[PDB]
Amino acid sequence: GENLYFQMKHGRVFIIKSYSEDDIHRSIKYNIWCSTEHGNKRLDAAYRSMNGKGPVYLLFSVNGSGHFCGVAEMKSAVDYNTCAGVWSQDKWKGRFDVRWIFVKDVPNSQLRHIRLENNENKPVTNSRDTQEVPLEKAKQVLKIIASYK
């Protein structure tokens, strides 16, 4: 048969890279995240220009792990003045709401043939934190993540 679900012109998709496995667990538990100052600025702009016309998806991967670990949607703008030190390292300023919609490990081998024309045609699996994913490649990534078993 066929699965044409992801094949939608409104939506923006970003890679999230975490050094910390603990912080992934905490994000899933409490449905919150924080990036760097410049990453927060990037995500906040995308969320606030989307005006709720479509989702901002976050594709999570722990640095060095060899796999993605799940997918969340942004659910709020960035609040830059929040309690410090709630994450494994005290390196972060602020907080935004997410909603994890998918938690499972997807090996990089399933995804490394998808390349990002906006990042020198490097594999999507070689991205840095808050690398944006072109929509047509994001649809391919989401289908692979959803279909993996």
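All residue numbers refer to positions in the sequence shown, first residue = 1. Between two forms, the rigid core is defined as the largest C-alpha subset superposing within 1.5 Å.
task = Kindly name the stretch, out of 81-89 and 54-62, whose CA atoms are displaced more from this form in 8 other deposited structures of this protein after the core superposition?
result = With the rigid core superposed, the C-alphas that lie farther in 8 other deposited structures of this protein are those of 81-89.
query = Relative to the deposited sequence, how many residues with no modelled coordinates occur between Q7 and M8 (none, 1 to 3, 4 to 9, 10 or more)?
reply = Gap between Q7 and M8: 1 to 3 unmodelled residues.
Per the entry, higher mean C-alpha B factor between 47-55 and 80-88 = If you average the C-alpha B-factors of 80-88 and of 47-55, the larger mean comes out for 47-55.
ask   = Out of 102-110 and 22-30, which stretch has the higher average CA B-factor listed in the record?
value = The recorded data point to 102-110.
key: Third of the chain's Cα B-factor distribution that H67 belongs to, per the entry   = For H67, the deposited C-alpha B-factor lands in the lowest third.
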